[PDB]
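Note sheet for the following structure.
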RNA sequence: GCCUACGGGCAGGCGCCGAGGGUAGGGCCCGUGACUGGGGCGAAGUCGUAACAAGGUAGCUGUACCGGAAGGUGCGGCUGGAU
RNA sequence: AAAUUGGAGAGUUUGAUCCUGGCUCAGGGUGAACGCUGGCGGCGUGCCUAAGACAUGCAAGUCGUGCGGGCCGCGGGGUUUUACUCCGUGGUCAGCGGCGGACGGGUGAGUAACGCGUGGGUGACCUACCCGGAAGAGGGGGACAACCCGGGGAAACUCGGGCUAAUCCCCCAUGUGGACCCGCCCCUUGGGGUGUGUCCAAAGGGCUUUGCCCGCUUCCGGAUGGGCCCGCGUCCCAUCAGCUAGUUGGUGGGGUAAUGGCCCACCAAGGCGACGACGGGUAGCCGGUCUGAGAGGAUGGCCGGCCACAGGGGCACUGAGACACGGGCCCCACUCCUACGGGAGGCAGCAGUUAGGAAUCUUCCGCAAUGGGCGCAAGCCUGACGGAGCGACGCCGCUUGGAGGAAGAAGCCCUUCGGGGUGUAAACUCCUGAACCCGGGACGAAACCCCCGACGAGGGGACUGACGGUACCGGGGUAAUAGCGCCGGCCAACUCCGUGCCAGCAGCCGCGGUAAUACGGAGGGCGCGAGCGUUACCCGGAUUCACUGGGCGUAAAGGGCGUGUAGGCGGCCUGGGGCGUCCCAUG
Ligand SMILES: [Mg+2]
Ligand SMILES: [Mg+2]
Ligand SMILES: [Mg+2]
Ligand SMILES: [Mg+2]
Ligand SMILES: [Mg+2]
Ligand SMILES: [Mg+2]
Ligand SMILES: [Mg+2]
Ligand SMILES: [Mg+2]
Ligand SMILES: [Mg+2]
Ligand SMILES: [Mg+2]
Ligand SMILES: [Mg+2]
Ligand SMILES: [Mg+2]
Ligand SMILES: [Mg+2]
Ligand SMILES: [Mg+2]
Ligand SMILES: [Mg+2]
Ligand SMILES: [Mg+2]
Ligand SMILES: [Mg+2]
Ligand SMILES: [Mg+2]
Ligand SMILES: [Mg+2]
Ligand SMILES: [Mg+2]
Ligand SMILES: [Mg+2]
Ligand SMILES: [Mg+2]
Ligand SMILES: [Mg+2]
Ligand SMILES: [Mg+2]
Ligand SMILES: [Mg+2]
Ligand SMILES: [Mg+2]
Ligand SMILES: [Mg+2]
Ligand SMILES: [Mg+2]
Ligand SMILES: [Mg+2]
Ligand SMILES: [Mg+2]
Ligand SMILES: [Mg+2]
Ligand SMILES: [Mg+2]
Ligand SMILES: [Mg+2]
Ligand SMILES: [Mg+2]
Ligand SMILES: [Mg+2]
Ligand SMILES: [Mg+2]
Ligand SMILES: [Mg+2]
Ligand SMILES: [Mg+2]
Ligand SMILES: [Mg+2]
Ligand SMILES: [Mg+2]
Ligand SMILES: [Mg+2]
Ligand SMILES: [Mg+2]
Ligand SMILES: [Mg+2]
Ligand SMILES: [Mg+2]
Ligand SMILES: [Mg+2]
Ligand SMILES: [Mg+2]
Ligand SMILES: [Mg+2]
Ligand SMILES: [Mg+2]
Ligand SMILES: [Mg+2]
Ligand SMILES: [Mg+2]
Ligand SMILES: [Mg+2]
Ligand SMILES: [Mg+2]
Ligand SMILES: [Mg+2]
Ligand SMILES: [Mg+2]
Ligand SMILES: [Mg+2]
Ligand SMILES: [Mg+2]
Ligand SMILES: [Mg+2]
Ligand SMILES: [Mg+2]
Ligand SMILES: [Mg+2]
Ligand SMILES: [Mg+2]
Ligand SMILES: [Mg+2]
Ligand SMILES: [Mg+2]
Ligand SMILES: [Mg+2]
Ligand SMILES: [Mg+2]
Ligand SMILES: [Mg+2]
Ligand SMILES: [Mg+2]
Ligand SMILES: [Mg+2]
Ligand SMILES: [Mg+2]
Ligand SMILES: [Mg+2]
Ligand SMILES: [Mg+2]
Ligand SMILES: [Mg+2]
Ligand SMILES: [Mg+2]
Ligand SMILES: [Mg+2]
Ligand SMILES: [Mg+2]
Ligand SMILES: [Mg+2]
Ligand SMILES: [Mg+2]
Ligand SMILES: [Mg+2]
Ligand SMILES: [Mg+2]
Ligand SMILES: [Mg+2]
Ligand SMILES: [Mg+2]
Ligand SMILES: [Mg+2]
Ligand SMILES: [Mg+2]
Ligand SMILES: [Mg+2]
Ligand SMILES: [Mg+2]
Ligand SMILES: [Mg+2]
Ligand SMILES: [Zn+2]
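Residue numbers (the deposited numbering), protein chains in the order written: chain P, 1 to 85; chain T, 4 to 106; chain L, 67 to 128; chain D, 2 to 209; chain Q, 2 to 105.
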């Protein structure tokens with residue numbers, strides 16, 4: 001099953017993650033289907049999370065179950081939020 | 004002097020043998036019974052050959068719904084058997100039963 | 067066959083030694099040198115100059 | 002490490018004044034003032050004509066020695082300077098001059114470049130309000146280079162800023178004597194630096 | 002796009018099949034001259050329709066036999082024996098070139 | 001022989017393919033090696049003095065024969081042969 | 001692969017000279033090793049050899065919300081000799097069953113191949129779990145473990161009998177729908193539709209029980225992951241020139257998810273090769289990396305992509321997926337147990353042992369993070385992974401002080417005995433304050449969950465750190481490691497002494513036979529600096545394989561001469577085609 005998860009790309013003691021779509025089974029840092037924004041757990045910058053909503057929305061729309069930390073990060077950039085009445 | 008144990012691997016083997024047998028049985032039932040079919044068509048026995056061909060057809064489709072065959076693999080043999088029968092009641096006379104065959 | 071460099075050595079009929087590249091023009095059919103200060107090849111004694119090339123350690127009180 | 006050892010001596014091998022020392026490099030003591038020949042047994046004897054290598058080499062050394070600096074840090078900058086859009090000869094000096102150790106000295110906080118490196122390394126320097134102690138940190142334009150609030154009271158800090166009473170600071174820089182701050186305004190164009198180096202010879206030495 | 006090549010028939014002697022000789026020109030990867038390399042394709046002729054000397058188009062196809070992976074596509078130009086000759090004489094000369102021996 | 005709803009299934013038995021082995025007979029590649037060919041060398045001696053001067057019989061060359069060897073001669077060829 | 005951003009040579013054949021030409025050096029690089037030396041940190045990185053052998057420990061499990069039961073107990077009941085027996089429950093064990101075990105991890109043996117790269121094909125195909133859409137889950141019966149009973153074996157294990165539960169197995173029905181034969185319509189390789197005949201489904205569990213949650217069934221599409229096929233590219237030897245008989249094609253049949261000599265039977269005599277078949281050698285391939293002005297050469301650990309193997313060789317079984325590293329069956333070689341009938345085992349997973357070798361690490365910490373498996377969840381598992389450790393193995397950063405200080409102490413060295421050198425160097429004066437001491441002290445971690453709200457959005461709440469008492473901050477605070485090569489020319493750096501063709505140096509030319517700037521020591525100098533040298537290897541220099549960019553009268557080099565095959569190449573005008581070629585757009 002396709003997942004939306006994190007791929008570490010930092011250094012040692014410098015974790016820098018990358019939100020990605022990929023087949024369940026690939027190496028944590030392997031060939032990924034599509035990148036959908038980065039995430040920096042230490043917040044060394046005013047912009048330690050970007051997402052590109054509309055893509056992620058697409059991928060969820062064909063059931064790319066995302067990991068737990070990923071759902072959280074997605075939620076935070078409001079991939080899930082609706083509106084009004 | 005102790006062959007370290009892997010309980011859930013062996014368990015898998017345990018089951019594989021079970022399945023293997025179940026699978027053989029269904030498969031073989033088809034073999035001899037499809038043979039019954041094609042045989043009795045070369046003796047021009049349409050009331051009987053089609054009687055069988057249908058029991059063959061069913062037994063075939065059943066091992067498809069399980070894991071003995073694939074939906075195609077079954078389908079494959081239904082096409083073998085059925086056609087191989089019609090083209091044997093050319094060599095003789097009219098399909099009595101109607102059976103599993105269309106005109 | 068291997069050149070033994072250095073003003074005087076201590077090699078013998080069963081010395082275990084180490085050898086490197088480096089021909090000697092004057093001695094033909096000699097395309098290897100013996101490394102000094104490894105296995106059974108002492109460094110040169112008394113050598114005070116190009117010491118690392120002869121396995122001699124740096125002497126005190128000099 | 003960096004070079005520690007006798008200096009008025011390189012002053013002499015390069016045959017020009019490097020100002021590696023400080024208060025006396027200006028006095029009648031630099032031995033250039035007393036023995037303008039190179040060090041050693043043979044510096045008295047008339048020279049042989051230099052090979053091209055010789056002149057290329059020495060002009061490199063003269064420049065490098067002026068600035069403190071290891072050859073590995075030096076070559077790595079010349080390398081960086083060639084990768085730059087610019088006239089590398091100039092781009093180089095601009096890069097050199099961008100060193101904190103140097104910026105501090107040019108600012109007039111330290112008597113000399115050597116004394117400057119300590120002032121940095123022992124933590125006496127602010128960069129943009131924070132502490133910096135790598136003499137290799139690169140100052141960019143817009144940077145403010147202050148004395149630590151702590152180290153404000155040193156004899157040499159105060160004694161040196163009182164020479165600023167009558168010096169004026171480089172044209173790409175601004176000093177706030179009273180406030181003990183300096184600002185780095187832009188990179189020094191070649192014409193600002195007036196070193197006794199033929200930068201081009203340096204370049205040539207490296208293209209071998 | 003299923004690949005499509007153009008070439009000539011050099012062989013009848015196969016059951017439902019023709020040998021097609023396809024030329025390709027291209028500049029040499031180092032010396033940049035244009036060089037004329039060639040290849041033989043085995044093409045499914047379900048009707049014997051294509052005779053030798055025919056130039057034909059040939060198209061990438063669901064596998065037929067071990068070597069047959071192309072179907073004969075259409076006729077380009079028929080009767081063209083000069084080419085076939087060049088194939089055969091190139092071949093004939095091979096029986097020279099040996100080392101077991103020759104004659105007078 | 002076992003199970004059965006009597007349709008058939010299971011054990012078991014045979015057969016092809018088959019890893020591998022057996023006999024014979026070839027071909028190939030490395031390890032060691034009795035006995036051997038010259039060869040290049042490398043210290044300055046033996047016996048010659050062929051070549052370099054027309055080198056004291058112009059030189060070289062293919063092919064022969066002689067000679068342990070250097071060379072000699074025969075038959076041609078060449079000038080890269082001196083007055 | 002967006003300023004034409006980029007290109008150095010020297011020594012050596014001669015008495016001298018010009019050319020030819022080989023040799024050699026300076027540069028850059030390394031998964032390095034060896035010598036002398038070695039203070040600190042950050043990030044990388046560390047068996048290149050025997051794909052040799054491997055002790056021990058761990059490396060893939062999980063679900064009690066699919067199902068029954070053994071053992072050890074706890075409660076709480078009913079009751080015929082006070083033994084039985086009903087209910088709930090803790091702990092533990094495995095079994096039946098579902099899912100994972102085909103991912104993740106290692107290695108580079110094999111392979112010169114559709115293996116890889118690159119672009120395409122699939123009307124010749126499959127795809128568990130996830131997503132959307134449509135439809136349904138109605139009856140009936142059945143077997144094997146666990147368990148109890150009994151027999152063989154030294155062991156490993158093993159056969160027999162009897163009981164039984166399920167989301168396990170099996171038959172009947174409804175069939176939205178699908179599968180198969182046959183016919184028609186469109187389409188065109190086996191694609192879509194349609195009509196009669198046949199044939200095919202299903203399972204239950206939980207609770208906040210008159211409806212929610214998890215799961216079940218057939219089918220249509222998405223999504224993702226794979227099979228197969230084709231064009232083009234893919235090292236050396238022609239002192240390997242012919243190779244092939246399942247070989248090449250056909251027809252039919254088997255097998256598969258599917259094409260195909262992939263397999264089998266019968267028929268035909270084909271298939272490939274000098275554009276290098278076949279044979280021998282070597283090698284995993286690439287994104288990249290090293291070098292280079294480029295072109296090119298060289299290389300493919302570490303990261304990522306594909307492949308291949310799991311002690312050698314076969315083979316299939318389960319299944320969506322394997323012909324499966326820690327699954328199965330057989331043969332061989334090896335090691336161990338053995339009662340000599342037989343059995344056990346597979347680190348090229350992490351760490352480590354051992355051999356081999358010039359040489360390559362800790363039997364460490366942690367599941368806090370990311371990722372993966374199983375589960376409603378809590379959680380369980382995870383040597384994937386996150387970290388620490390050891391090694392200057394590499395790069396980068398930091399230190400061993402800073403300022404003042406003599407016409408210039410001593411000692412050592414040279415001296416023409418006047419003096420010169422180390423050398424502001426030292427001493428000595430002030431200043432700073434690595435180390436270290438005390439105090440504070442992280443980010444990485446907020447979700448899963450629980451509550452409100454609807455189970456959604458959204459809001460509130462709690463738990464959780466291996467690194468690590470680390471980084472970092474504040475205060476205090478000591479002058480506090482320097483070594484290695486080199487100094488005849490290339491090539492930065494010169495004197496004395498010893499030695500006497502000796503000892504020795506030596507990359508190359510060469511040096512040394514009593515005045516050695518070349519051996520050895522010393523003073524002095526040059527070059528780098530926690531590093532410096534050496535060896536090995538790649539590229540460079542080497543327009544010295546010359547595409548860019550070379551040659552052949554005498555330097556190495558024109559076939560002894562012709563004939564002519566394949567091939568290469570080819571006049572002037574006009575017109576068509578548009579293959580090469582060129583331009584644009586797009587992938
Ligand atoms: Mg750390
Ligand atoms: Mg995969
Ligand atoms: Mg055999
Ligand atoms: Mg003579
Ligand atoms: Mg003569
Ligand atoms: Mg004579
Ligand atoms: Mg005679
Ligand atoms: Mg004659
Ligand atoms: Mg000569
Ligand atoms: Mg000479
Ligand atoms: Mg260069
Ligand atoms: Mg090097
Ligand atoms: Mg040591
Ligand atoms: Mg090993
Ligand atoms: Mg290895
Ligand atoms: Mg073990
Ligand atoms: Mg469940
Ligand atoms: Mg209980
Ligand atoms: Mg259990
Ligand atoms: Mg793997
Ligand atoms: Mg081969
Ligand atoms: Mg492809
Ligand atoms: Mg499954
Ligand atoms: Mg299933
Ligand atoms: Mg669904
Ligand atoms: Mg529904
Ligand atoms: Mg029984
Ligand atoms: Mg079922
Ligand atoms: Mg149809
Ligand atoms: Mg039914
Ligand atoms: Mg039931
Ligand atoms: Mg045949
Ligand atoms: Mg066929
Ligand atoms: Mg190999
Ligand atoms: Mg070049
Ligand atoms: Mg390149
Ligand atoms: Mg390669
Ligand atoms: Mg890897
Ligand atoms: Mg790799
Ligand atoms: Mg092994
Ligand atoms: Mg195997
Ligand atoms: Mg496995
Ligand atoms: Mg495999
Ligand atoms: Mg293993
Ligand atoms: Mg290991
Ligand atoms: Mg050893
Ligand atoms: Mg997790
Ligand atoms: Mg790790
Ligand atoms: Mg370190
Ligand atoms: Mg070392
Ligand atoms: Mg450093
Ligand atoms: Mg004196
Ligand atoms: Mg000082
Ligand atoms: Mg103090
Ligand atoms: Mg925290
Ligand atoms: Mg936080
Ligand atoms: Mg919250
Ligand atoms: Mg948790
Ligand atoms: Mg609620
Ligand atoms: Mg503390
Ligand atoms: Mg402090
Ligand atoms: Mg203080
Ligand atoms: Mg000190
Ligand atoms: Mg040099
Ligand atoms: Mg010099
Ligand atoms: Mg020396
Ligand atoms: Mg020398
Ligand atoms: Mg000397
Ligand atoms: Mg000295
Ligand atoms: Mg010195
Ligand atoms: Mg070249
Ligand atoms: Mg050319
Ligand atoms: Mg030439
Ligand atoms: Mg000649
Ligand atoms: Mg010649
Ligand atoms: Mg001629
Ligand atoms: Mg000739
Ligand atoms: Mg011609
Ligand atoms: Mg032409
Ligand atoms: Mg023309
Ligand atoms: Mg024309
Ligand atoms: Mg025209
Ligand atoms: Mg056109
Ligand atoms: Mg065109
Ligand atoms: Mg073109
Ligand atoms: Zn000075």
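Every residue gets a Cβ at the ideal spot worked out from N, C-alpha and C, and that includes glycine.
Asked, Found
"First through last residue of the beta strand (DSSP E) which encompasses residue 48(L)", "This structure gives no information on residue 48(L), because the portion of chain L shown stretches from 67 to 128."
"Other residues of its chain near residue 171(D): CB distance less than 7 Å, five sequence neighbours each side excluded", "107, 189 and 193"
"Cut-off 6 Å between Cβ atoms - residues of its own chain near residue 37(T), not counting five sequence neighbours on either side", "59 and 84"
"Proximity winner among 144(D), 180(D), 165(D) and 174(D), relative to residue 152(D) (alpha-carbon distances)", "180(D)"
"Per-residue DSSP class, three states only, for residue 33(D)", "coil"
"Beta carbon of residue 6(Q) nearer than 9 Å to that of residue 20(Q)", "no"
"Whole alpha helix (DSSP H) elements within the region 46-87 of chain T, 4-residue minimum", "49-68"
"Cβ pair residue 23(P), residue 37(P) closer than 9 Å", "no"
"Length of the line joining the Cα atoms of residue 107(L) and residue 93(L)", "21 Å"
"Residue of 2(D), 26(D) and 3(D) minimising C-alpha distance to residue 10(D)", "26(D)"
"Beta-carbon proximity list for residue 65(Q), same chain, < 6 Å, skipping 5 on both sides", "45"
"Counterpart residues of residue 87(L) in DSSP-defined beta bridges", "98(L)"
"Residue 82(Q) in three-state terms, based on DSSP", "helix"
"Residue 132(D) to residue 102(D) span [Cα, whole Å]", "13 Å"
"C-alpha distance - residue 51(Q) paired with residue 14(Q), whole-angstrom precision", "12 Å"
"Helix, strand or coil at residue 186(D) according to DSSP, with G and I counted as helix", "coil"
"Three-state secondary structure assigned by DSSP to residue 206(D)", "helix"
"Residue 71(D) CB to nearest heavy atom of ligand 51 below 8 Å", "yes"
"Reduced DSSP secondary structure (H/G/I, E/B, other) of residue 58(Q)", "strand"
"Alpha-carbon to alpha-carbon, residue 43(P) and residue 72(P)", "16 Å"
"Residue 26(Q): first and last residue of the uninterrupted beta strand (DSSP E) it sits in", "18-28"
"Best match in 50(T), 62(T) and 64(T) for proximity to residue 102(T) [C-alpha to C-alpha]", "50(T)"
"Other residues of its chain near residue 186(D): CB distance less than 7 Å, five sequence neighbours each side excluded", "142, 173, 174 and 175"
"Residue from 10(P), 11(P) and 74(P) whose Cα sits closest to the Cα of residue 55(P)", "74(P)"
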